[PDB]
Amino acid sequence: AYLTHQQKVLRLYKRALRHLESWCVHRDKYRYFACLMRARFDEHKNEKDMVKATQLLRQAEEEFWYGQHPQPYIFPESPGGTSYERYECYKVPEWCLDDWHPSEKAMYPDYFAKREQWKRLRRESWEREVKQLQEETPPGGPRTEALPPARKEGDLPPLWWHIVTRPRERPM
Amino acid sequence: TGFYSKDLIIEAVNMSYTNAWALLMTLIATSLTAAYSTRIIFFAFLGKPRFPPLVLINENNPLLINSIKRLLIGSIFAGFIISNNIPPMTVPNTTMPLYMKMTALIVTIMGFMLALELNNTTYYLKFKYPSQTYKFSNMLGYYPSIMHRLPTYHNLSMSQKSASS
Amino acid sequence: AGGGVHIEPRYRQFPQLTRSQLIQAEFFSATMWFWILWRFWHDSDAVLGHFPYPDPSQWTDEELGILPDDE
Amino acid sequence: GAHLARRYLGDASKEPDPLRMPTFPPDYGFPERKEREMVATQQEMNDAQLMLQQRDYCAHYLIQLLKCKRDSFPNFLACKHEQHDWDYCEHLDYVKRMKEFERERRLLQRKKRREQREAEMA
Amino acid sequence: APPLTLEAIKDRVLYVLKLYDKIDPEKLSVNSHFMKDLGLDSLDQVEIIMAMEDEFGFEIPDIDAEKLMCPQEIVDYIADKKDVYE
Amino acid sequence: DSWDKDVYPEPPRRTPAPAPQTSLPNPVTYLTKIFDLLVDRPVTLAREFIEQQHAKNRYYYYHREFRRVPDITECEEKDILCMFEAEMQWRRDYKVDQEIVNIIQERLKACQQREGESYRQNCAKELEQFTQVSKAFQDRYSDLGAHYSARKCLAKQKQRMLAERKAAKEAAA
Amino acid sequence: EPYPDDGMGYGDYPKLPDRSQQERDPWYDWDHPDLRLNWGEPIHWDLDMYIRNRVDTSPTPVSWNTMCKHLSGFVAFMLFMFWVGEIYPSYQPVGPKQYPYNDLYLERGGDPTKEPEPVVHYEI
Amino acid sequence: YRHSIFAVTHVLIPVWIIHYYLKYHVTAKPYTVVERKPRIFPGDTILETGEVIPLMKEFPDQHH
Amino acid sequence: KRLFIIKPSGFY
Amino acid sequence: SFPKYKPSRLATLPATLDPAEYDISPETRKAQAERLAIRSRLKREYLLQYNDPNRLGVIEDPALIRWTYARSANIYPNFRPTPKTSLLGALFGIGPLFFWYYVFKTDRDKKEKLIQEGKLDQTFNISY
Amino acid sequence: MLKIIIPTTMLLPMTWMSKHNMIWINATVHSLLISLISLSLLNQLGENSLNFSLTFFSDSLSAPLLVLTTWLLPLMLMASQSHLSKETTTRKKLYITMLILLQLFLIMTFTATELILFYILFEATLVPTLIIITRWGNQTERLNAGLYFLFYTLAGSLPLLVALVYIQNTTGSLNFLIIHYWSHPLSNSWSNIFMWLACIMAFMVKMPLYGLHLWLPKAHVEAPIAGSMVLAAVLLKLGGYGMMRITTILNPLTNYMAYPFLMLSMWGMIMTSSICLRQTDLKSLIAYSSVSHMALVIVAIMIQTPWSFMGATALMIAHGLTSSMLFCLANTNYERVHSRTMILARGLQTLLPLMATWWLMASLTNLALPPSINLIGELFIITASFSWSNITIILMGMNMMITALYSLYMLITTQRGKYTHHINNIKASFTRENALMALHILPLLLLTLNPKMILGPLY
């Protein structure tokens, strides 16, 4: 629903360290200025009341915005990177295998036997997990996007199919 | 290879009846090309490894080596071969002052040295927030930030609000 | 890994090198430097210019057609 | 160059105008002024297919160089005396243009001098 | 490119940790809780997460990183993200 | 060849004979000998075979002769038959005029390419001929519009001739 | 909050913050990951203009007005200095380049019948 | 074998067709292939007629 | 190791 | 402090620079919780249909249909002729038409005047 | 023309007397055979027209249009037989009958030697078209679309009827040849101004002129696929063909009467191209793009140059083929997801590769990429307009820029990106759909080899 004060301080710590790393580049210089930055964060580590702690956070965020690197380093496969979402053109959904011609499938008998096993699993487990979702969701509906584990032997975690069978990160 | 065109180009632009500002700008850009070549070499090749620890460096492939080799031999000898085999399609600049003859070399050397001085400073244990000139250069003069947001927004907003609705 | 494991990856260490890459890089850098040296030896004029730049101030008014101020 | 500073941040009426010079008659103070000679005929320049801007007063060296370049193929290294002869002729032509510029300037300064002295007495 | 095994992920995760001065290598375990067993705080955990990100060359989002309180959860996360099953 | 030399002129072709001033062999001559061996001779043989087939199956086609009919100036107003024949003749004449202009532009383009760097002086005759024929074509057929006709062309000519006669009379004064 | 009732036909359609899709959280698990949209949630009236292929409203390091001032000042300064260099051109201390045959009167296309006014150069 | 088959099927047959096309169809019409005439220098002997181009007049003898 | 690659039907 | 960042329509205020993120009331917490609950209800409804083995087709989305209806068919039922709409309609519908008519008419009258006095050269204009 | 008209008429008895399951086979086979026969009309003469009888004639303007119509009928039949598979035998035969009636009316419309006969045949096309739209359309909006299309067309057409009979009473003939050969200049008076408006407005609303176009999005969107195909491909061209025919009696009044229409179309091509940038309905976007190309045709006809008429003819042919292709491509996705919303089904290139290739070809032709005949027509019109006034290059360049933007935007949004997660019913492309796209695209590109076949009688 919201981020706690600790969470926001940690996010700013990580972001400021990464932009410091983008500015410093060399590892020794980054280590030195990173320890200095950690000292800055440790100065007010135990602050009595949260009003001035939040004011410190506001001042730190204004400083970060002023001093941020215009182009920080971005991991290539992370959002905004040079390889970000490069592999979506290969992520074919698993339902396309049903529309294969019977002569395409016959080249892969063992795989499609295993696929029928998984399909039978999914078909069989579906009803007892909609049930568990009903028996676990309080009146008024869900309050958080969290999902339960399977609670009894033989059952599968509800709504598991598209998480478990999702396309690989390097499919094709 | 670049000496048999670019150096003559600088010689011709220095010797012509030209816009003075354009002459100054092309000379300054001739310094800046040495500057950014210095940046590439200094950060990619010099110094210490800054890449993840799992070292996968492997340039031993015949396709890579051979294609880069062919264009390397081109980059070394192609200017001399083509300059001496085409006929003279111009008149040459045979007489210019010595400070004008070495202008291109002098400006590229200046760019090399100044970029080397600035790049070496990044090793110092000092940290300063960027200047506004750095911000103008790094964010590309803010040309994409302005011209990819303002005209497109107004065009699309009009295309809905006034054109369609 | 798979097929083609001539260069085995290393962890936190300088990569394995082959003789051919080092020899070719050395040869071609030497080739570029030899070409520059040889061409400079044979074509200094392309860098320093061929003909002297004249000095206009040294030209006599008779060689230039400037009569004394009483003509 | 220094001429640019002398004309722009100085007295431009003492400095030649590159668009309009020469503004003094070519026989002023130049008795027995000799007209430049052409070697290459117009037809020779035509069938040598010289570029029009290449058809200057040194074009005969250009024609010699072109002929020798064609007759030395594939020895693109030979025919190097011819290139130097053409280059030296072009250099002499450029010194002629420098001489004309300097004569223009030394006649403009002297024009100003003569009018100034005439106006000094009256 | 070489594939990634579960053992390789565990080995490198422990490797990075053993080079952290705040952790005792002879007390470090794959089940050692960073807060409880090793006595760290969450700023140390943030630094541990960034060390993992630099080690494996990819980013762990802050919503997910703040839950990796144990080396084993770190290797589980990397294995899930990299589709390694071994 | 089939085309007539007068309609499509070309200057007498003048090539310099080879004047080698070197001892290194000319690669072009050997690359042309190999061309003549592997390329020219087989296609040349393939053409003798084919023109030998065409020689024993010889047959003809003819150019279509149209006689002249009265033009639109001879048509009584609303005489639909005479107007139809005159209008067809005028459209045919218009197409032939377009092809005349096309021939002259062909000459101009050929001269520009052929003369090399000296085209500006060496192609004065073709530029002049294009100027003349394009002026005449412009006077005949410009500004008529998509729905042109012999009537509109004749009205334009009469406007031009009235202007010309009035200009001559006022110049005489 | 609906759009104001000004006769433009918005009706009761909610007026959502005018924020581009590029400003949405990329680490969240959207039902539509590319559009960064969730099923059933209200779609902004301007969705097809604020898609990531299109107009971006994302916060910038430098504020918008300052970028406009710096870019406009750069362009204006360049234009002005180009005009100044046009009225203050750079050139070499040489007289005009000389060509024979009346500055190539025929070679440049002069009329071969009309005699050109002689253009004579002199051995200085 | 690979290179000879490739050479004939990708170079020799296409060059055969192109040479036939140009030699017997394209150049059977005027001004289709028009070649810029060769430069002619003093001294030159013209192949067609056999004439010798006159040599240039004596150079004014500039000496370097 | 070879994996099954999921692609749409190319048959039609 | 440091030079302030000024938000704009095309370069907006970042969340970390927004003062409201730092003065959070209990009612703001309740609003955030209710937003999370609405989002979770919609997510659960979508995921139930999504993961259903015996669903084939497209999960119909009421938000999408509402969006496409508001942009096409709801506009004229809710348009009113007001001073703003009438001024804008006159300016954007009729303004460009007469502007371009004036521009083109002026250009063509100048051209025709040149033609009448023969001051426009058309030496090689035989294609029109 | 009877060797074309009578076989088409024979499609009706054959359709009604064939087995229930041989309907599509028989209609397709024999409509393709009729289209083969119509190709012989492309043998035209340099000066005269092909004057068969007193009542039908053919020239280089109408022959490509006739070929386009006869070609469109079989493609219609292939497009229809999917969504009409569950229909009754009698109702399928009625749909085929409507299509045959439309083709027969169009064939006689393009060859009618007399202006009033052309008027009746061009008005007759309303009836089967309206029937198709309102009976076999999918949405409740088809009824209002039918009313808009009907009454826009009729409000245009009735004053044309009055003007035509007045012209026949004063001139004595409505025969096209007589009208050309006995052409009188049109004086400058209110009487002649309103005669011009009456002669022009029906073709104006048919094309349609920007500002008179509001029926077209409704009609081309609500209609079934074959209806959209004909409406975009041949029915819009009735206005251009009729305008080209009737402008021979409107000079020199067209010199200044065209200014409001030239301004309207030159700015409305910009306006409707911009509208395409924001259309959320794929079929509506395709319908809106027809307005811009037809605005170009309007300008070309209104400036009355040989190059403008050549460009207008080529552009009409190319737009017919391309717009029908685009409608078919949108319909293939509609038949899978049962919706026309464009961002519903994204990332389709990784599910339907050859259909994505067809989409790219259609977008490229809508782009007017050279040397396609779309580009030939557009470029000829642009050059004629530049001669008309140099300032026209600003607006036409803007229009081609915006056209590129929206064409490639449609391509990117439908074909590229990530596929929609919950759409699991994108079955592989049928042979029929691929053949439909191929039969749209192959003759379009072959025309580039012989462009004079579609350059009209002013070539």
Side-chain angles (χ1 to χ4, degrees), chain G residues 1-51 54-72, chain J residues 2-18 20-21 35-51 55 58-89 92:
Chain G
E1 169 100 44
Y3 288 87
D5 196 7
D6 35 25
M8 308 267 255
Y10 278 103
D12 60 355
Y13 202 81
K15 165 176 187 45
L16 304 167
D18 287 350
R19 299 257 163 161
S20 184
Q21 289 300 108
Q22 194 65 269
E23 307 209 334
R24 296 237 164 144
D25 196 351
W27 288 105
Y28 177 70
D29 217 44
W30 303 98
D31 305 333
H32 315 294
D34 56 333
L35 303 178
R36 299 192 187 148
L37 274 192
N38 267 359
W39 180 91
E41 314 239 57
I43 297 178
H44 198 285
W45 180 275
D46 291 305
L47 183 270
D48 54 325
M49 152 153 87
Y50 290 141
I51 45 168
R54 278 179 169 196
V55 180
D56 189 13
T57 64
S58 289
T60 60
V62 181
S63 60
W64 174 270
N65 284 357
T66 302
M67 310 186 243
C68 292
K69 303 212 210 122
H70 288 175
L71 177 57
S72 315
Chain J
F2 303 90
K4 288 310 109 153
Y5 173 84
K6 211 158 91 83
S8 213
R9 136 177 281 151
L10 302 173
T12 56
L13 187 65
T16 53
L17 259 50
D18 161 64
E21 298 300 321
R35 291 183 197 117
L36 184 64
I38 295 180
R39 181 135 137 161
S40 320
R41 263 193 307 290
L42 281 174
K43 177 73 71 190
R44 171 70 71 82
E45 183 175 355
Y46 169 70
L47 279 173
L48 279 174
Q49 297 164 88
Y50 184 42
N51 280 280
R55 159 201 76 91
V58 359
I59 306 181
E60 175 164 272
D61 188 10
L64 196 51
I65 287 130
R66 280 191 281 273
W67 178 65
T68 35
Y69 178 85
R71 286 273 301 274
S72 54
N74 206 35
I75 281 175
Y76 194 78
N78 295 305
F79 146 73
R80 279 162 27 227
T82 65
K84 184 222 253 213
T85 55
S86 314
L87 277 34
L88 291 183
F92 295 104

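Hydrogens, waters and symmetry mates play no part in the numbers below; they use all other heavy atoms, side chains included. A note on names: the letters A, B, ... follow the listed sequences, proteins ahead of strands, and every chain is numbered from 1.
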- Considering only heavy atoms and a distance below 4.5 Å, find which of G:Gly11, G:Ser63, G:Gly7, G:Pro42 pairs most often with chain J. G:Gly7

- What residue, out of J:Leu64, J:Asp61, J:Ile38, J:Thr82, has the most heavy-atom pairs lying under 4.5 Å from chain G? J:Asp61

- Query: Who wins among G:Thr60, G:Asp56, G:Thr66 for the most heavy-atom pairs under 4.5 Å with chain J?
  - Reply: G:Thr60

- Is there any salt bridge (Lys or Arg N to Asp or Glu O under 4.0 Å) pair reaching into residues 77-88 of chain J, and which pairs are they, with sequence neighbours excluded? G:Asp5-J:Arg80, G:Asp6-J:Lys84

- Message: Just so I know, are the side chains of G:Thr57 and J:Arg9 near enough to count as touching, which here means a heavy-atom distance under 4.5 Å?
- Response: no

- Item | Closest-packed option against chain G by number of heavy-atom pairs under 4.5 Å, given J:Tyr76, J:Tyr5, J:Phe79 | J:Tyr5

- Item | Worked check of side-chain contact (heavy atoms from CB on, under 4.5 Å) between G:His44 and G:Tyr50 | CA-CA 9 Å; G:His44 198 285; G:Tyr50 290 141; 4.1 Å; yes

- Using the six-membered ring wherever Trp is involved, compare the ring planes of G:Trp45 and G:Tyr10 and label them parallel, tilted or perpendicular (cut-offs 30° and 60°). tilted

- For the residue pair G:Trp64 and J:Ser8, what are the closest heavy atoms and their distance? CB-CB, 3.5 Å

- Residue selection (most heavy-atom pairs with chain J, distance under 4.5 Å) from G:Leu47, G:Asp12, G:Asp48, G:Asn65: G:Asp48

- Given that the side chain runs from C-beta out, which part of J:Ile59 has a heavy atom under 4.5 Å from chain G: side chain, backbone, both or neither? both

- What part of J:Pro7 is in contact with chain G, defined as an atom under 4.5 angstrom from a non-hydrogen atom: side chain, backbone, both or neither? neither

- Ordered numerically, the heavy-atom neighbours of chain J under 4.5 Å found in residues 15-22 of chain G are G:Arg19

- Message: So for J:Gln49, is it side chain, backbone, both, or neither that comes closer than 4.5 Å to the heavy atoms of chain G?
- Response: side chain

- Inter-chain contacts: residues 32-40 of chain G against chain J, heavy atoms under 4.5 Å: G:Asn38, G:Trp39, G:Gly40

- Note on the structure: When every non-hydrogen atom of J:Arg71 is compared with those of J:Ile75, the smallest separation belongs to O-CD1, 3.4 Å

- Please look at G:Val62 and chain J and tell me whether the side chain, the backbone, both or neither of the residue comes under 4.5 angstrom of a heavy atom of that chain. backbone

- Task: State whether the number of non-hydrogen atoms from other residues, nucleotides or ligands found under 6.0 Å of G:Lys69 atom NZ is greater than 12.
- Result: no

- Item | Close contacts, residues 23-31 of chain G versus chain J, judged by heavy atoms under 4.5 Å | G:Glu23, G:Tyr28, G:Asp29, G:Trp30, G:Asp31

- Query: Side chain, backbone, both or neither: which part of J:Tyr46 has a heavy atom under 4.5 Å from chain G?
  - Reply: both

